[PDB]
Amino acid sequence: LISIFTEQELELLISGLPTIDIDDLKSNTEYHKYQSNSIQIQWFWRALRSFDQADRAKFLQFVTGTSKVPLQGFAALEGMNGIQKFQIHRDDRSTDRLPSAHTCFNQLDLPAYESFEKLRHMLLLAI
Amino acid sequence: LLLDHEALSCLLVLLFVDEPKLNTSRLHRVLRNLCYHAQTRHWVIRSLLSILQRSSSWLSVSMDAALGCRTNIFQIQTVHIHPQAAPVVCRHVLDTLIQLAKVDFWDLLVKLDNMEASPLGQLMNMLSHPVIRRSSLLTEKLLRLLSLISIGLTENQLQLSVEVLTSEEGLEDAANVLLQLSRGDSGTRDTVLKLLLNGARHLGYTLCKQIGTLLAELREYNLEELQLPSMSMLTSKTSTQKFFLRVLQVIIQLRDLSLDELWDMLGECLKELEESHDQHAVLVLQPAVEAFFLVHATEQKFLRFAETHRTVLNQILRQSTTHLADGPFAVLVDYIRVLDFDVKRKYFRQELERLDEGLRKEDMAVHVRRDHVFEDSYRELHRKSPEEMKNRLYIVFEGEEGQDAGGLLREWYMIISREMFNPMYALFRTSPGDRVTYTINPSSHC
């Protein structure tokens, strides 16, 4: 009966769905090879705004490894080596592979997916 | 022979006069007691059935039938019942026949005025006759009657038309009739199955015609909320969707219909509803989806369906209050990626309450000290049974004032979930990498 939940959903069942201040995450995002006005990044923020609270939580788990919201805000987001901001990296491999996450750095590697729809499908399939 | 046929005729004339005060249940119990005598019963029933057939001065009974029309129930010139009064004579006779089923007359009647299993065939023919076939009430009563009595080909066609045409209780009694008939003979079973399939195929053909108009009109709506008038004949309470699903539920009840031109166009229709950025717009096909998962997903194609329409089937389930594991969509319990989290949460909570529904849950006290709650709870509970744990806990802190038990329980859970991660118990330790998560402390052997 518990096996109906995913490894995400059991956490969301025990501790509940968080309310994600997408503005706080955006305020605490670092862009390395993308830029803040890249079209794939505007698609990323549009997608993440379009995801419901549960798919947002699954994204947060995908990139940070947890759904827990920091009391002080995502400025206080910890990583392996102290406070690590969330971060989006362009994955220069082929764009027929999913984004990939390294949660101890809170690191997203993101291929330069050609479209909003395809990027959204791949992200939703990852989470 | 307690009573003669003239005294029975005098009693039976009471069935025609519609007086609200008259106690017709008491009259039914008089006829029931009289009908313990087999010859009286047989004459009584032959008269009541002649009254039904003839529905389809002492005898001057004026019934108000319509506006400005006060009819005489009897026209004597060979005695006929004025069709305005007929539906009431039918209603009172079926009311009496339902009790006798739980357990010449005209010439005698004019002589006054001048001063189970065999007739089941007549009662099945009765469904064709207009005063009955019109009235949903008389049909429901006659079907309840047949459903009691049941404990040929045209007569089954007329029984099935009761489902293919217009009463949820009367059509569930028709389902009972068709079952209890099928219990009789493999040949009537087969003929009723094949004539159900024939009617369901007609319904499917016209449903594909209706959805083809719907899809076309959604094309014409997009290509330049949803109130397409083609939708009205699917919303309708008497829609072919509800007839088709009803018939399929009876087919599936008798099993213990090849329409891929329907199923694939229901498919592309759903896909064009979902792409049209409206949500409840799907629900006008919910019974067609439930029919799909009835005919398919036999106690696969439904899995390809649940993939390509996943979020749609989720909109269906999320809107439906039908409990996931009692409705048709229970099969997908095991293919769990095809449901939303909160749908699975609802199913979870309903199945948990269903499995533990036999258990009465009580309230249960827990006496703890604010400084020792964790170990006091361990001592109190660690030998308790699961069903004693399932009782509702209220927590009393020693010497503290009374407070809301819900807030005090939330505090108790919060304090416990904290103390779990106190290193003094050595239960959980933070991942040295993340430093905010927690996993089993490999140093709890201390």
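This entry lists cryo-EM as its structure determination method and reports a resolution of 3.7 Å.

### Some points on unusual backbone geometry
Phi at A:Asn106 takes a positive value of approximately 50°, unusual for a residue other than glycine. By the secondary structure assignment, A:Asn106 is in the loop between β5 (100-102) and β6 (107-111). Despite not being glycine, B:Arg435 has its phi angle at roughly 75°, a positive value. Here B:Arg435 is to be found in the loop between β7 (428-429) and β8 (439-440). In this structure B:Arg435 comes out as partly exposed when scored by relative accessible area, which is 30%.

### Brief notes about the packing of aromatic side chains
Residues and elements named next belong to chain B. Per the counting criterion, the structure on display carries 21 aromatic pairs over all chains. With centroids separated by 5.1 Å and ring planes inclined at 90°, the aromatic side chains of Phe292 and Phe293 adopt a geometry described as edge-to-face. The pair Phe292 / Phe293 is uniform in exposure class, with both members buried. Ring pairs connect the aromatic residues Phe244, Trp263, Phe292, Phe293, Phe305 and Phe329, which therefore count as one cluster. A cation sits over an aromatic face here: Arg54 above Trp106, 4.9 Å from the ring centre. Taking the ring centre of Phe397 as reference, the NZ or CZ of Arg370 above it sits at 4.3 Å.

### Topic: the layout of surface pockets
Within this model, the largest pocket holds a volume of roughly 1,700 Å³. Considering the residues around the largest pocket, the lining is formed by 38 residues, among which A:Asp55, A:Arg120, A:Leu124, B:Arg310 and B:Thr311 are closest to the centre. At the level of secondary structure, the elements contributing two or more residues to the lining of the largest pocket comprise α1 (7-14), α4 (53-64) and α5 (116-126) of chain A together with α14 (260-274), α16 (301-308), α17 (310-319) and α18 (341-355) of chain B. Broken down by element, the lining of the largest pocket gets its largest block of residues, seven residues, from α5(A). Of the residues contributing to the lining of the largest pocket, the split by class is eleven nonpolar, ten polar and 17 charged. Its volume calculated, the second largest pocket comes out at about 1,300 Å³. Breaking the lining of the second largest pocket down by element, the ones donating at least two residues are α1 of chain A together with α21 (405-419) and β8 of chain B. Among the elements that make up the lining of the second largest pocket, the one with the highest residue count is α1(A) (four residues). A breakdown of the residues in the lining of the second largest pocket according to their chemical character gives 16 nonpolar, eleven polar and six charged.

Reading guide: rules and limits
Residues numbered from 1 in each chain as written, not as in the entry; some residues may be left out. Chains lettered and ligands numbered in written order. Part of a larger assembly, values for the part shown. Heavy atoms only, no water. Helix = DSSP H or I, 4+ residues; strand = E, 2+ residues; numbered from the N terminus. Buried < 20%, exposed > 50% of the residue type's maximum accessible area, 1.4 Å probe, protein only. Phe/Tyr/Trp six-rings, centres within 6.5 Å; stacked < 30°, edge-to-face > 60°. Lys NZ or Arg CZ within 6 Å of the ring centre and 35° of its normal. 1 Å grid on protein atoms, 1.4 Å probe; cavity = no way out; pocket = protein on both sides within 12 Å on 5 of 7 lines; lining within 4 Å. Points joined across faces, edges and corners; volume = space filled by probe spheres on them. Nonpolar A, V, L, I, M, F, W, Y, C, P; charged D, E, K, R; others polar.

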